[PDB]
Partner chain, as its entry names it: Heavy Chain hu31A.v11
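Before any questions on binding or motion, here is one chain by itself as structure tokens, the form deposited without its partner chain.
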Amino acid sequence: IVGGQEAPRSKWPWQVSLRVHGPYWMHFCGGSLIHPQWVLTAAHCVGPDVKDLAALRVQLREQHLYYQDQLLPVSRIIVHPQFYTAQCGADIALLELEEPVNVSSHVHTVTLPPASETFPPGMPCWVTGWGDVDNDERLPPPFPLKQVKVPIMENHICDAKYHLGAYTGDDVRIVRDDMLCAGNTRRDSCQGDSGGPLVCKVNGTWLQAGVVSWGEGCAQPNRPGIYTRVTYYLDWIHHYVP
């Protein structure tokens, strides 16, 4: 998370950390608890190539990474069939836990938006995670969960910005319909924030608008962060998630 501040213990109960086995259970991606047995993340975290489920654990909401680890095994990874690279869409994945979680007030699920919600610019949105604090700068110990308010951008404005200082034809779409844009040069998500949720408060409810997907660097000029648009994939999500 580029910009923002440390998140209070009360906020973001649906935030999850994905761990990979090595010299320790290392954080590599974020995710959101969308159902007591289902985690929504980004496909580029776990795909396109198949990984060993044994080398993967899930950690639910914790203020400081690695301090009070209670790691949960995963029974299934479901990656969108249309996925190969993050920039070309379908950057969405589901992880099914071995067992469902006993949801408390400190740890509970996020609401997915209704199919009609567009999330227009000027929407109050937050992105949370334990990713890089800047370009090639890791989040320093004790690894607090960070939060940043990000400005939503109209897809066509963002697509135009991505064409500035690029050789790509103006008629060729860089930012697509299954994507969402947010952030500026002070506020953005970074590496290790992928899969993490972009949440907006709509009608007094916290809905998950997007999943951290990609961008050209972190908080670079004319390169806002691109998120997978959750509304676009609700049918696919609901084919597995109740």
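Positions refer to the first chain, counted from 1.
Not on display, but discussed next: the form deposited with its partner chain bound.
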(request) Using the partner position in the bound PDB entry, report whether residue 117 sits within 4.5 Å of its partner chain, counting heavy atoms only. (result) no
(request) Consider residue 151 of the chain shown here, and say whether it contacts its partner chain in the bound PDB entry, taking contact as heavy atoms within 4.5 Å. (result) no
(message) Whether residue 21 contacts its partner chain in the bound PDB entry should be assessed with a 4.5 Å heavy atom distance threshold; does it?
(response) yes
(request) Tell me, yes or no, whether residue 97 is in contact with its partner chain in the bound PDB entry, where a contact means a heavy atom of each within 4.5 Å. (result) yes
(message) With the distance limit set at 4.5 angstroms and only heavy atoms considered, check whether 103, 106 and 109 all reach its partner chain in the bound PDB entry.
(response) no
(request) Go through 44-81 residue by residue and record those having a heavy atom within 4.5 Å of its partner chain in the bound PDB entry; state none if no residue qualifies. (result) 53, 54, 57, 73, 74, 75, 76
